[PDB]
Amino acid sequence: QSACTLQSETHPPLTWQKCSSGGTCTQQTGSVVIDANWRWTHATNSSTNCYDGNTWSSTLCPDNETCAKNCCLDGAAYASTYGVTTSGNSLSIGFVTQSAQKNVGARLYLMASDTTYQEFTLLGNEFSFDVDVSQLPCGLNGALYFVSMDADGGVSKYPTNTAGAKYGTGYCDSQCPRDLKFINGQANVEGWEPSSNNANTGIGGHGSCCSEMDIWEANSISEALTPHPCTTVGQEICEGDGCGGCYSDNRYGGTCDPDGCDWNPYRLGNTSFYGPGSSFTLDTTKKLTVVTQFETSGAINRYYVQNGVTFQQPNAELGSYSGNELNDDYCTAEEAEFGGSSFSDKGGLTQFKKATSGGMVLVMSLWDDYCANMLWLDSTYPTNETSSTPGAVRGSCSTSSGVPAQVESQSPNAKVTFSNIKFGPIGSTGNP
């Protein structure tokens, strides 16, 4: 896709801190961009839509190459269309925003410049942020995570993409999403199937894979920490059902692990650690600091801070494993106890360390789940299982919760606020 200028594009500003060993943090002047899939896609020389509702223009988009030649992405009204606002080091994402049209959620990337994503090499570093999940009920996911996206959004690799990072191009993740309208500098109209349950989305013949570090997938009920390896570390196109993910006919595709090695304290049996009010260690009605440490071994550590009190990740006992560290011993015990081979099949934390030793882009999003109602995060999953089945219960939410049409009507003013991002070597982000 190219970029058009019928609607002005400015990335909302967002400050963050880079911290040094031996006690100092320095302000960085960043900004955020909305992913290209949220944007208006229209003809390069008119306002004619290339995409209407969940259907491509067969006139402008008879095939993937003609479509990209004919079509451009345009600017985004971050506050009034997409419910995205910033203040200092704080980013708020609204759930349902009513303008000319209904907008649900947003996926944003942290920028280095007007034309480049900020790249972070997680390995050896820790990432700290504050979050307010108080306004996220059952069925919603305020996510903060990293993906192995190209810094320029794909411009160098696919020079037909001249829109680039400025317009939020080049997304990939371990679901190898096929809902993207542009992949690899071409459209995704070939094999497009409009969504049965979503008037605005569809699935195309191609998807976009890469390694994914899910630091934070959470609401006021449940939180999960999950690395996902891929056999190709960075961004790569995938063909149809070879993409896997929840929207392919089978979720196990050829290159990415869609399940990950997840750590949800509730799922692991600590049902009083995280939730609303005084009865939980971490009270999700109040702001929380989440610190995630990428050990040079490839293990991942976690602690939380709430009103100045530090809490380490709670201990888990799972098979032969005892500890609070996401490491290959944990991920092997998890496959032994809860089942599956996706994570180890795709190379485990050794493969995952290839991604964290390279650049990854920071993603912040709010979404509801048109595939599985977020039950995997905050309910009993699969729904036929019981709390008698270890790992079936990931939170207290009802198995009928999280239907998009329902939660959009019930809780349109739901929101997530991410703030005070700090990044530096392990041990540094408590510095002043």
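Residue numbers run from 1 along the displayed sequence.
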Per the PDB record, is the mean Cα temperature factor higher over 44 to 52 or over 382 to 390?
-> 382 to 390
Averaging the C-alpha temperature factors as deposited, the higher value of 270 to 278 versus 284 to 292 falls on 270 to 278
Pick out which of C176, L318, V305, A218 has the highest C-alpha B-factor in the PDB entry.
-> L318
Quick one: which of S396, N37, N64, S31 shows the highest Cα temperature factor in the PDB entry?
-> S396
According to the PDB entry, is the CA B factor of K102 in the bottom, middle or top third of its chain, that is, lowest, middle or highest?
-> highest
C-alpha B factor of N70, ranked within the chain: lowest, middle or highest third?
-> middle
Would you mind ranking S2 by its C-alpha B-factor against the rest of the chain and naming the third, lowest, middle or highest?
-> lowest
Name the third of the chain's ranked CA B-factors that contains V309, choosing lowest, middle or highest.
-> middle
By its CA B factor, does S128 count among the lowest, middle or highest third of the modelled residues in the chain?
-> lowest
